[PDB]
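Given next, in C-alpha coordinates, is a single chain: the form deposited in one PDB entry.
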(Lines give C-alpha, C1' and ligand atoms only; values in the text may rest on other atoms or scores of the structure.)
Protein backbone atom coordinates (compact mmCIF):
# COMPACT_ATOMS: atom_id res chain seq x y z
CA UNK A 1 0.00 0.00 0.00
CA UNK A 2 1.35 3.31 -1.26
CA UNK A 3 -2.24 4.37 -1.75
CA UNK A 4 -1.75 5.05 1.95
CA UNK A 5 1.24 7.19 0.96
CA UNK A 6 -0.62 9.20 -1.69
CA UNK A 7 -3.26 9.89 0.97
CA UNK A 8 -0.52 11.53 3.03
CA UNK A 9 0.50 13.68 0.05
CA UNK A 10 -3.01 15.12 0.12
CA UNK A 11 -2.91 15.44 3.92
CA UNK A 12 0.48 17.16 3.79
CA UNK A 13 -0.74 19.69 1.23
CA UNK A 14 -3.68 20.63 3.46
CA UNK A 15 -1.39 21.10 6.47
CA UNK A 16 0.82 23.34 4.32
CA UNK A 17 -2.11 25.52 3.27
CA UNK A 18 -2.91 25.94 6.99
CA UNK A 19 0.56 27.14 7.99
CA UNK A 20 0.82 30.55 9.68
CA UNK A 21 1.38 33.52 7.40
CA UNK A 22 4.85 33.74 8.96
CA UNK A 23 5.87 30.31 7.65
CA UNK A 24 4.14 30.41 4.28
CA UNK A 25 5.73 33.72 3.28
CA UNK A 26 9.10 32.36 4.36
CA UNK A 27 8.40 29.26 2.25
CA UNK A 28 7.56 31.40 -0.82
CA UNK A 29 11.19 32.51 -0.53
CA UNK A 30 13.03 29.37 0.65
CA UNK A 31 11.58 27.05 -2.01
CA UNK A 32 12.54 29.33 -4.94
CA UNK A 33 16.06 29.85 -3.54
CA UNK A 34 16.65 26.12 -3.06
CA UNK A 35 15.20 25.07 -6.43
CA UNK A 36 17.41 27.74 -8.01
CA UNK A 37 20.50 26.14 -6.42
CA UNK A 38 19.46 22.60 -7.40
CA UNK A 39 18.73 23.68 -10.98
CA UNK A 40 22.14 25.32 -11.48
CA UNK A 41 23.95 22.20 -10.23
CA UNK A 42 22.04 20.00 -12.67
CA UNK A 43 22.55 22.59 -15.44
CA UNK A 44 26.32 22.33 -14.87
CA UNK A 45 26.26 18.73 -16.17
CA UNK A 46 24.87 19.88 -19.53
CA UNK A 47 27.76 19.53 -21.97
CA UNK A 48 25.88 21.27 -24.80
CA UNK A 49 25.68 24.53 -22.80
CA UNK A 50 28.41 27.04 -21.92
CA UNK A 51 29.28 27.15 -18.21
CA UNK A 52 26.78 29.23 -16.25
CA UNK A 53 28.03 31.65 -13.61
CA UNK A 54 26.82 30.72 -10.14
CA UNK A 55 24.44 33.14 -8.41
CA UNK A 56 22.32 33.13 -5.25
CA UNK A 57 19.41 35.55 -5.88
CA UNK A 58 17.00 34.17 -8.52
CA UNK A 59 15.86 36.34 -11.42
CA UNK A 60 18.44 38.98 -10.40
CA UNK A 61 21.40 36.72 -11.12
CA UNK A 62 24.79 38.37 -11.64
CA UNK A 63 23.00 41.72 -12.09
CA UNK A 64 24.80 43.72 -9.41
CA UNK A 65 28.30 42.39 -10.16
CA UNK A 66 27.90 42.80 -13.92
CA UNK A 67 26.29 46.23 -13.64
CA UNK A 68 28.90 47.80 -11.36
CA UNK A 69 32.08 46.74 -13.25
CA UNK A 70 31.46 44.48 -16.25
CA UNK A 71 35.06 44.20 -17.54
CA UNK A 72 36.17 42.94 -14.15
CA UNK A 73 33.24 40.50 -14.14
CA UNK A 74 34.21 39.25 -17.60
CA UNK A 75 37.89 38.79 -16.65
CA UNK A 76 37.00 36.78 -13.55
CA UNK A 77 34.61 34.65 -15.60
CA UNK A 78 37.20 34.37 -18.38
CA UNK A 79 39.80 33.04 -15.91
CA UNK A 80 37.28 30.62 -14.36
CA UNK A 81 35.58 29.27 -17.49
CA UNK A 82 37.30 30.57 -20.65
CA UNK A 83 35.92 32.75 -23.42
CA UNK A 84 32.34 31.36 -23.63
CA UNK A 85 30.13 31.47 -20.54
CA UNK A 86 26.59 32.36 -19.55
CA UNK A 87 25.23 34.46 -16.74
CA UNK A 88 21.75 35.30 -15.54
CA UNK A 89 20.73 38.98 -15.70
CA UNK A 90 17.39 40.29 -14.34
CA UNK A 91 15.46 37.36 -15.81
CA UNK A 92 17.57 36.69 -18.92
CA UNK A 93 20.38 34.28 -19.71
CA UNK A 94 23.26 36.15 -21.35
CA UNK A 95 25.91 34.07 -23.15
CA UNK A 96 29.11 36.07 -23.47
CA UNK A 97 31.64 35.14 -26.16
CA UNK A 98 34.79 37.08 -25.26
CA UNK A 99 37.52 38.00 -27.73
CA UNK A 100 37.76 38.24 -31.53
CA UNK A 101 35.97 34.94 -32.22
CA UNK A 102 33.13 36.38 -30.15
CA UNK A 103 33.21 39.37 -32.46
CA UNK A 104 32.77 36.88 -35.29
CA UNK A 105 30.15 34.71 -33.59
CA UNK A 106 27.91 37.68 -32.71
CA UNK A 107 28.57 40.55 -35.15
CA UNK A 108 28.54 38.18 -38.15
CA UNK A 109 25.66 35.99 -36.99
CA UNK A 110 23.09 35.00 -39.61
CA UNK A 111 20.11 37.37 -39.67
CA UNK A 112 17.85 34.40 -38.79
CA UNK A 113 19.89 33.33 -35.75
CA UNK A 114 19.83 36.55 -33.74
CA UNK A 115 17.80 39.74 -33.57
CA UNK A 116 19.15 43.10 -32.50
CA UNK A 117 15.72 44.78 -32.53
CA UNK A 118 14.39 42.07 -30.19
CA UNK A 119 17.08 43.03 -27.68
CA UNK A 120 16.90 46.80 -28.07
CA UNK A 121 13.33 47.88 -28.99
CA UNK A 122 12.33 48.70 -25.41
CA UNK A 123 15.56 50.65 -24.93
CA UNK A 124 15.20 53.05 -27.89
CA UNK A 125 11.65 53.15 -29.22
CA UNK A 126 10.34 55.05 -26.12
CA UNK A 127 12.99 57.71 -26.69
CA UNK A 128 13.16 57.96 -30.46
CA UNK A 129 9.58 57.24 -31.50
CA UNK A 130 7.95 54.60 -33.65
CA UNK A 131 8.72 52.99 -37.00
CA UNK A 132 12.51 53.57 -36.98
CA UNK A 133 15.73 51.84 -35.87
CA UNK A 134 14.58 48.93 -33.70
CA UNK A 135 10.82 49.41 -34.13
CA UNK A 136 10.81 48.06 -37.68
CA UNK A 137 12.13 44.95 -39.50
CA UNK A 138 15.85 44.68 -40.12
CA UNK A 139 15.47 45.42 -43.85
CA UNK A 140 13.89 48.77 -42.96
CA UNK A 141 16.83 49.53 -40.63
CA UNK A 142 19.37 48.67 -43.33
CA UNK A 143 17.80 51.22 -45.69
CA UNK A 144 17.37 53.83 -42.95
CA UNK A 145 21.14 53.57 -42.44
CA UNK A 146 21.56 54.05 -46.20
CA UNK A 147 19.45 57.22 -45.97
CA UNK A 148 21.51 58.72 -43.15
CA UNK A 149 24.83 57.61 -44.65
CA UNK A 150 23.83 59.41 -47.86
CA UNK A 151 24.04 62.68 -45.95
CA UNK A 152 27.45 61.73 -44.40
CA UNK A 153 29.75 62.28 -47.35
CA UNK A 154 33.18 63.85 -47.82
CA UNK A 155 31.51 66.89 -49.44
CA UNK A 156 29.18 67.26 -46.50
CA UNK A 157 32.11 67.05 -44.05
CA UNK A 158 33.82 69.87 -45.97
CA UNK A 159 30.86 72.11 -45.19
CA UNK A 160 30.40 70.80 -41.65
CA UNK A 161 33.95 71.75 -40.57
CA UNK A 162 33.61 75.58 -40.68
CA UNK A 163 30.11 75.27 -39.15
CA UNK A 164 31.43 73.12 -36.28
CA UNK A 165 34.43 75.42 -35.76
CA UNK A 166 32.13 78.46 -35.59
CA UNK A 167 30.07 76.76 -32.87
CA UNK A 168 33.19 75.97 -30.84
CA UNK A 169 34.47 79.54 -30.94
CA UNK A 170 31.01 80.79 -30.01
CA UNK A 171 30.92 78.40 -27.06
CA UNK A 172 34.33 79.70 -25.88
CA UNK A 173 33.17 83.31 -26.30
CA UNK A 174 29.62 83.02 -24.94
CA UNK A 175 29.42 80.08 -22.53
CA UNK A 176 29.75 80.86 -18.82
CA UNK A 177 32.14 77.91 -18.64
CA UNK A 178 34.68 79.91 -20.66
CA UNK A 179 34.11 83.58 -21.69
CA UNK A 180 37.53 83.69 -23.26
CA UNK A 181 37.24 87.41 -24.04
CA UNK A 182 36.82 88.07 -20.30
CA UNK A 183 38.66 85.25 -18.45
CA UNK A 184 42.15 83.81 -19.15
CA UNK A 185 41.88 80.81 -16.78
CA UNK A 186 39.02 78.86 -15.24
CA UNK A 187 37.71 75.52 -14.03
CA UNK A 188 35.22 73.46 -16.02
CA UNK A 189 33.38 70.21 -15.56
CA UNK A 190 33.83 68.27 -18.79
CA UNK A 191 30.54 66.46 -18.15
CA UNK A 192 28.90 69.89 -18.27
CA UNK A 193 30.83 71.39 -21.18
CA UNK A 194 31.11 68.45 -23.59
CA UNK A 195 27.42 67.44 -23.87
CA UNK A 196 26.69 71.14 -24.54
CA UNK A 197 29.41 71.54 -27.18
CA UNK A 198 28.43 68.24 -28.70
CA UNK A 199 24.75 69.11 -29.21
CA UNK A 200 25.58 72.65 -30.33
CA UNK A 201 27.95 71.31 -33.02
CA UNK A 202 25.77 68.31 -33.90
CA UNK A 203 22.59 70.45 -34.16
CA UNK A 204 24.27 73.08 -36.32
CA UNK A 205 25.75 70.68 -38.86
CA UNK A 206 23.24 67.84 -38.97
CA UNK A 207 19.98 69.75 -38.38
CA UNK A 208 20.86 73.29 -39.51
CA UNK A 209 20.74 76.81 -38.16
CA UNK A 210 17.00 76.92 -37.42
CA UNK A 211 17.24 73.89 -35.14
CA UNK A 212 20.52 75.16 -33.66
CA UNK A 213 18.91 78.56 -32.95
CA UNK A 214 16.18 76.70 -31.00
CA UNK A 215 18.68 75.58 -28.34
CA UNK A 216 19.17 79.22 -27.25
CA UNK A 217 15.54 79.25 -25.95
CA UNK A 218 13.45 77.43 -23.33
CA UNK A 219 13.24 74.67 -25.96
CA UNK A 220 16.61 73.34 -24.72
CA UNK A 221 14.71 72.10 -21.65
CA UNK A 222 13.03 69.52 -23.86
CA UNK A 223 16.32 68.06 -25.12
CA UNK A 224 17.37 67.70 -21.48
CA UNK A 225 14.14 65.85 -20.62
CA UNK A 226 14.49 63.66 -23.70
CA UNK A 227 18.14 63.06 -22.82
CA UNK A 228 17.19 61.93 -19.33
CA UNK A 229 14.88 59.41 -20.96
CA UNK A 230 17.87 57.79 -22.74
CA UNK A 231 18.83 55.30 -20.02
CA UNK A 232 19.32 51.53 -19.55
CA UNK A 233 16.52 51.57 -16.97
CA UNK A 234 14.28 51.37 -20.06
CA UNK A 235 15.45 47.77 -20.46
CA UNK A 236 13.22 46.73 -17.55
CA UNK A 237 11.10 49.84 -16.84
CA UNK A 238 10.28 51.39 -20.25
CA UNK A 239 6.93 53.05 -19.42
CA UNK A 240 6.08 53.75 -15.82
CA UNK A 241 3.29 56.03 -14.55
CA UNK A 242 6.11 58.33 -13.34
CA UNK A 243 7.09 61.93 -13.94
CA UNK A 244 10.47 61.36 -15.61
CA UNK A 245 8.63 59.31 -18.25
CA UNK A 246 6.03 62.00 -19.03
CA UNK A 247 8.60 64.76 -19.46
CA UNK A 248 10.45 62.25 -21.64
CA UNK A 249 7.35 61.37 -23.68
CA UNK A 250 6.26 65.02 -23.86
CA UNK A 251 9.78 65.96 -25.03
CA UNK A 252 9.75 63.26 -27.73
CA UNK A 253 6.42 64.56 -29.05
CA UNK A 254 7.54 68.19 -28.78
CA UNK A 255 10.92 67.71 -30.50
CA UNK A 256 9.64 65.49 -33.33
CA UNK A 257 6.98 68.19 -33.89
CA UNK A 258 9.56 70.95 -34.38
CA UNK A 259 11.43 68.80 -36.94
CA UNK A 260 8.19 68.00 -38.83
CA UNK A 261 7.20 71.70 -38.86
CA UNK A 262 10.49 72.47 -40.62
CA UNK A 263 10.09 69.48 -42.96
CA UNK A 264 6.60 70.58 -44.01
CA UNK A 265 7.59 74.26 -44.13
CA UNK A 266 10.51 73.47 -46.44
CA UNK A 267 8.40 71.25 -48.71
CA UNK A 268 5.62 73.85 -48.84
CA UNK A 269 8.10 76.59 -49.91
CA UNK A 270 10.18 74.08 -51.95
CA UNK A 271 13.23 75.19 -49.93
CA UNK A 272 14.76 71.68 -50.25
CA UNK A 273 18.50 72.15 -50.85
CA UNK A 274 21.61 70.13 -49.77
CA UNK A 275 22.28 71.84 -46.44
CA UNK A 276 21.73 69.27 -43.71
CA UNK A 277 20.50 65.78 -42.91
CA UNK A 278 16.93 67.12 -43.10
CA UNK A 279 17.26 68.09 -46.77
CA UNK A 280 18.90 64.73 -47.48
CA UNK A 281 16.19 62.71 -45.73
CA UNK A 282 13.60 64.78 -47.62
CA UNK A 283 15.21 64.00 -51.00
CA UNK A 284 16.13 60.36 -50.19
CA UNK A 285 13.88 58.38 -47.84
CA UNK A 286 12.01 55.88 -50.03
CA UNK A 287 12.45 52.18 -49.37
CA UNK A 288 13.23 50.00 -52.36
CA UNK A 289 9.71 48.49 -52.23
CA UNK A 290 8.47 52.04 -52.86
CA UNK A 291 7.11 52.95 -49.42
CA UNK A 292 8.14 56.46 -48.39
CA UNK A 293 9.10 57.26 -44.82
CA UNK A 294 6.52 59.51 -43.24
CA UNK A 295 7.41 62.93 -41.90
CA UNK A 296 7.03 61.48 -38.40
CA UNK A 297 9.37 58.53 -39.05
CA UNK A 298 11.85 60.99 -40.58
CA UNK A 299 11.76 63.14 -37.44
CA UNK A 300 12.08 60.06 -35.20
CA UNK A 301 15.13 58.90 -37.19
CA UNK A 302 16.60 62.39 -36.69
CA UNK A 303 16.19 62.06 -32.92
CA UNK A 304 17.75 58.59 -32.97
CA UNK A 305 20.85 59.55 -34.92
CA UNK A 306 21.26 62.83 -32.98
CA UNK A 307 20.77 61.11 -29.63
CA UNK A 308 23.13 58.23 -30.40
CA UNK A 309 25.91 60.41 -31.78
CA UNK A 310 25.27 62.78 -28.87
CA UNK A 311 26.14 60.35 -26.08
CA UNK A 312 29.04 58.57 -27.82
CA UNK A 313 30.76 61.71 -29.08
CA UNK A 314 30.37 63.70 -25.84
CA UNK A 315 31.74 60.88 -23.70
CA UNK A 316 34.67 60.49 -26.09
CA UNK A 317 35.34 64.26 -26.04
CA UNK A 318 35.23 64.21 -22.24
CA UNK A 319 37.66 61.27 -22.21
CA UNK A 320 40.07 62.95 -24.65
CA UNK A 321 40.24 66.04 -22.41
CA UNK A 322 40.58 64.03 -19.19
CA UNK A 323 43.43 61.92 -20.54
CA UNK A 324 45.26 64.88 -22.10
CA UNK A 325 44.91 66.88 -18.87
CA UNK A 326 47.61 64.76 -17.18
CA UNK A 327 49.68 64.62 -20.40
CA UNK A 328 51.11 68.06 -21.17
CA UNK A 329 53.65 66.26 -23.42
CA UNK A 330 50.78 65.10 -25.67
CA UNK A 331 49.14 68.57 -25.71
CA UNK A 332 52.51 70.01 -26.72
CA UNK A 333 53.01 67.42 -29.45
CA UNK A 334 49.43 67.94 -30.69
CA UNK A 335 50.00 71.72 -30.72
CA UNK A 336 53.17 71.45 -32.85
CA UNK A 337 51.16 69.47 -35.40
CA UNK A 338 48.46 72.18 -35.49
CA UNK A 339 51.11 74.87 -36.11
CA UNK A 340 52.76 72.80 -38.86
CA UNK A 341 49.61 71.74 -40.74
CA UNK A 342 47.83 75.13 -40.42
CA UNK A 343 50.91 77.33 -41.19
CA UNK A 344 51.16 78.59 -37.63
CA UNK A 345 47.42 79.24 -37.66
CA UNK A 346 47.40 81.21 -40.93
CA UNK A 347 45.50 78.41 -42.72
CA UNK A 348 41.80 77.80 -42.11
CA UNK A 349 40.88 74.41 -40.69
CA UNK A 350 39.37 72.32 -43.50
CA UNK A 351 38.17 68.74 -43.66
CA UNK A 352 41.17 68.09 -45.94
CA UNK A 353 43.62 69.60 -43.45
CA UNK A 354 42.05 67.43 -40.70
CA UNK A 355 43.14 64.36 -42.69
CA UNK A 356 46.74 65.64 -42.41
CA UNK A 357 46.66 65.65 -38.58
CA UNK A 358 47.50 61.99 -37.90
CA UNK A 359 48.46 62.55 -34.22
CA UNK A 360 45.12 64.23 -33.47
CA UNK A 361 43.27 61.38 -35.22
CA UNK A 362 45.44 58.90 -33.33
CA UNK A 363 44.36 60.55 -30.09
CA UNK A 364 40.71 59.93 -30.90
CA UNK A 365 41.60 56.39 -32.01
CA UNK A 366 43.45 55.70 -28.75
CA UNK A 367 40.64 57.16 -26.61
CA UNK A 368 38.03 54.96 -28.28
CA UNK A 369 40.30 51.99 -27.58
CA UNK A 370 40.57 52.72 -23.85
CA UNK A 371 36.97 54.04 -23.58
CA UNK A 372 34.72 52.18 -25.98
CA UNK A 373 31.40 53.98 -25.26
CA UNK A 374 29.42 50.72 -25.37
CA UNK A 375 30.77 47.99 -23.12
CA UNK A 376 28.18 45.39 -24.15
CA UNK A 377 26.20 44.71 -27.29
CA UNK A 378 23.30 42.25 -27.32
CA UNK A 379 21.38 40.13 -29.75
CA UNK A 380 18.47 37.90 -28.81
CA UNK A 381 18.97 34.38 -30.13
CA UNK A 382 16.09 33.38 -32.44
CA UNK A 383 17.11 29.84 -33.47
CA UNK A 384 19.39 27.33 -31.77
CA UNK A 385 23.01 28.25 -32.50
CA UNK A 386 25.91 25.79 -32.52
CA UNK A 387 29.12 27.41 -31.26
CA UNK A 388 31.76 26.24 -33.79
CA UNK A 389 34.50 23.86 -32.58
CA UNK A 390 32.62 23.06 -29.38
CA UNK A 391 29.70 20.93 -28.29
CA UNK A 392 27.95 24.15 -27.17
CA UNK A 393 24.47 25.02 -28.36
CA UNK A 394 22.93 28.41 -27.49
CA UNK A 395 19.18 27.73 -27.36
CA UNK A 396 16.55 30.10 -28.66
CA UNK A 397 15.50 32.61 -26.04
CA UNK A 398 19.07 33.21 -24.91
CA UNK A 399 20.90 36.45 -25.55
CA UNK A 400 24.42 36.68 -26.95
CA UNK A 401 26.64 39.45 -25.60
CA UNK A 402 29.77 40.66 -27.42
CA UNK A 403 32.20 43.12 -25.84
CA UNK A 404 34.93 44.47 -28.10
CA UNK A 405 35.58 47.08 -25.41
CA UNK A 406 36.86 44.27 -23.20
CA UNK A 407 39.27 43.13 -25.90
CA UNK A 408 40.51 46.71 -26.36
CA UNK A 409 41.92 46.53 -22.82
CA UNK A 410 43.61 43.09 -23.01
CA UNK A 411 47.44 43.15 -23.02
CA UNK A 412 47.62 40.18 -25.38
CA UNK A 413 46.05 42.33 -28.13
CA UNK A 414 47.26 45.78 -27.11
CA UNK A 415 50.63 45.88 -25.32
CA UNK A 416 50.39 47.85 -22.09
CA UNK A 417 46.64 48.03 -22.72
CA UNK A 418 46.03 50.24 -19.70
CA UNK A 419 48.45 52.98 -20.79
CA UNK A 420 47.20 55.85 -23.00
CA UNK A 421 49.67 55.82 -25.91
CA UNK A 422 48.66 57.56 -29.13
CA UNK A 423 51.90 56.35 -30.70
CA UNK A 424 50.68 52.76 -30.66
CA UNK A 425 48.88 53.95 -33.82
CA UNK A 426 51.85 55.46 -35.71
CA UNK A 427 51.19 54.94 -39.45
CA UNK A 428 47.67 53.68 -38.69
CA UNK A 429 45.71 56.85 -37.95
CA UNK A 430 42.52 55.95 -39.83
CA UNK A 431 39.29 55.61 -37.87
CA UNK A 432 39.09 51.96 -39.00
CA UNK A 433 40.38 49.76 -41.77
CA UNK A 434 38.68 46.92 -43.65
CA UNK A 435 41.56 44.43 -43.64
CA UNK A 436 40.31 42.76 -46.80
CA UNK A 437 37.12 41.46 -48.37
CA UNK A 438 34.02 43.61 -48.14
CA UNK A 439 30.26 43.04 -48.21
CA UNK A 440 27.14 45.22 -48.34
CA UNK A 441 24.10 44.65 -46.12
CA UNK A 442 22.16 47.59 -47.58
CA UNK A 443 24.03 50.67 -46.35
CA UNK A 444 27.37 50.43 -48.17
CA UNK A 445 30.43 48.25 -48.45
CA UNK A 446 31.87 47.33 -45.03
CA UNK A 447 34.37 44.79 -43.76
CA UNK A 448 33.32 41.16 -44.15
CA UNK A 449 35.62 39.88 -41.41
CA UNK A 450 34.90 41.28 -37.98
CA UNK A 451 37.85 39.55 -36.31
CA UNK A 452 39.76 42.77 -35.62
CA UNK A 453 40.55 43.06 -31.90
CA UNK A 454 39.86 46.83 -32.27
CA UNK A 455 36.11 47.22 -33.05
CA UNK A 456 34.95 50.62 -31.71
CA UNK A 457 32.19 50.87 -34.33
CA UNK A 458 31.19 47.16 -34.16
CA UNK A 459 30.75 45.32 -37.43
CA UNK A 460 28.35 43.29 -39.52
CA UNK A 461 24.86 44.52 -40.38
CA UNK A 462 24.51 46.50 -37.14
CA UNK A 463 27.80 48.37 -37.66
CA UNK A 464 27.96 52.10 -36.90
CA UNK A 465 27.55 54.56 -39.71
CA UNK A 466 28.62 57.54 -37.64
CA UNK A 467 32.37 57.05 -37.53
CA UNK A 468 33.35 59.61 -40.14
CA UNK A 469 30.99 62.24 -38.73
CA UNK A 470 32.28 61.65 -35.18
CA UNK A 471 35.94 61.97 -36.18
CA UNK A 472 35.08 65.14 -38.11
CA UNK A 473 33.28 66.61 -35.08
CA UNK A 474 35.89 65.53 -32.52
CA UNK A 475 38.65 66.49 -34.94
CA UNK A 476 37.42 70.08 -35.18
CA UNK A 477 36.64 70.27 -31.47
CA UNK A 478 40.07 69.05 -30.34
CA UNK A 479 41.89 71.03 -33.01
CA UNK A 480 40.38 74.22 -31.49
CA UNK A 481 40.84 73.17 -27.83
CA UNK A 482 44.55 72.45 -28.48
CA UNK A 483 45.23 75.68 -30.38
CA UNK A 484 43.37 77.87 -27.83
CA UNK A 485 44.03 76.35 -24.40
CA UNK A 486 46.29 74.37 -22.12
CA UNK A 487 44.60 72.47 -19.35
CA UNK A 488 45.49 70.29 -16.39
CA UNK A 489 43.96 68.68 -13.32
CA UNK A 490 43.16 70.33 -9.99
CA UNK A 491 45.74 69.37 -7.38
CA UNK A 492 45.78 65.64 -6.65
CA UNK A 493 43.15 64.74 -9.30
CA UNK A 494 43.37 62.25 -12.16
CA UNK A 495 41.35 60.36 -14.79
CA UNK A 496 38.04 59.24 -13.26
CA UNK A 497 36.61 55.72 -13.53
CA UNK A 498 33.89 55.05 -16.11
CA UNK A 499 30.18 54.88 -15.31
CA UNK A 500 29.04 51.47 -16.52
CA UNK A 501 25.44 51.78 -15.28
CA UNK A 502 24.82 54.56 -17.81
CA UNK A 503 23.90 54.62 -21.51
CA UNK A 504 27.57 55.07 -22.55
CA UNK A 505 30.73 54.51 -20.50
CA UNK A 506 31.08 58.20 -19.70
CA UNK A 507 33.35 59.38 -16.86
CA UNK A 508 32.16 59.46 -13.27
CA UNK A 509 31.34 63.07 -12.43
CA UNK A 510 32.23 65.60 -11.54
CA UNK A 511 35.47 65.51 -13.59
CA UNK A 512 37.02 68.98 -13.45
CA UNK A 513 39.93 70.39 -15.46
CA UNK A 514 41.55 73.82 -15.13
CA UNK A 515 42.04 75.66 -18.43
CA UNK A 516 44.30 78.59 -19.32
CA UNK A 517 44.41 80.53 -22.58
CA UNK A 518 47.55 80.13 -24.66
CA UNK A 519 47.12 83.73 -25.84
CA UNK A 520 45.48 85.62 -22.94
CA UNK A 521 44.98 88.68 -25.16
CA UNK A 522 43.39 86.84 -28.08
CA UNK A 523 39.73 87.88 -28.43
CA UNK A 524 36.97 86.02 -30.29
CA UNK A 525 35.10 88.27 -32.72
CA UNK A 526 31.39 88.40 -33.44
CA UNK A 527 28.44 89.81 -31.53
CA UNK A 528 26.93 88.68 -28.23
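C-alpha atoms forming the largest set that superposes within 1.5 Å between two forms make up the rigid core. Positions refer to the first chain, counted from 1.
Chemist: Averaged over C-alpha atoms, is the B-factor higher for 368 to 376 or for 260 to 268 in this PDB entry?
Modeler: Mean B over CA atoms: larger for 260 to 268.
Chemist: Per the PDB record, is the mean Cα temperature factor higher over 156 to 164 or over 391 to 399?
Modeler: Per the PDB entry, the higher value belongs to 391 to 399.
Chemist: Per the entry, which of 483, 47, 488, 463 tops the list for Cα B factor?
Modeler: Largest recorded C-alpha B-factor: 47.
Chemist: Reading the B-factor column of the entry, which of 345, 308, 195, 458 has the highest value at its C-alpha atom?
Modeler: Result of the comparison over 345, 308, 195, 458: 345.
Chemist: Tell me, lowest, middle or highest third: where does the Cα B factor of residue 285 rank within its chain?
Modeler: Tercile = middle for this residue's CA B-factor.
Chemist: Among all modelled residues of this chain, ranked by Cα B factor, put residue 337 in the bottom, middle or top third, i.e. lowest, middle or highest.
Modeler: Lowest third - that is where residue 337 ends up once the chain's C-alpha B-factors are sorted.
Chemist: Could you place residue 134 in the lowest, middle or highest third of its chain by Cα temperature factor, using the values in the record?
Modeler: CA B-factor rank for residue 134: middle third.
Chemist: Within this chain's modelled residues, let me know which third the CA B factor of residue 410 belongs to: lowest, middle or highest.
Modeler: Residue 410: CA B-factor falls in the lowest third of its chain.
Chemist: Where does residue 478 sit by CA temperature factor within its chain: lowest, middle or highest third?
Modeler: It belongs to the lowest third of the chain when residues are ordered by C-alpha B-factor.
In what follows, reference is made to the form deposited in another entry, a form of this protein that is not presented.
Chemist: Comparing between this form and the one not shown on the rigid core, is the C-alpha shift at residue 510 2 Å or larger?
Modeler: No: residue 510 shifts by under 2 Å between this form and the one not shown.
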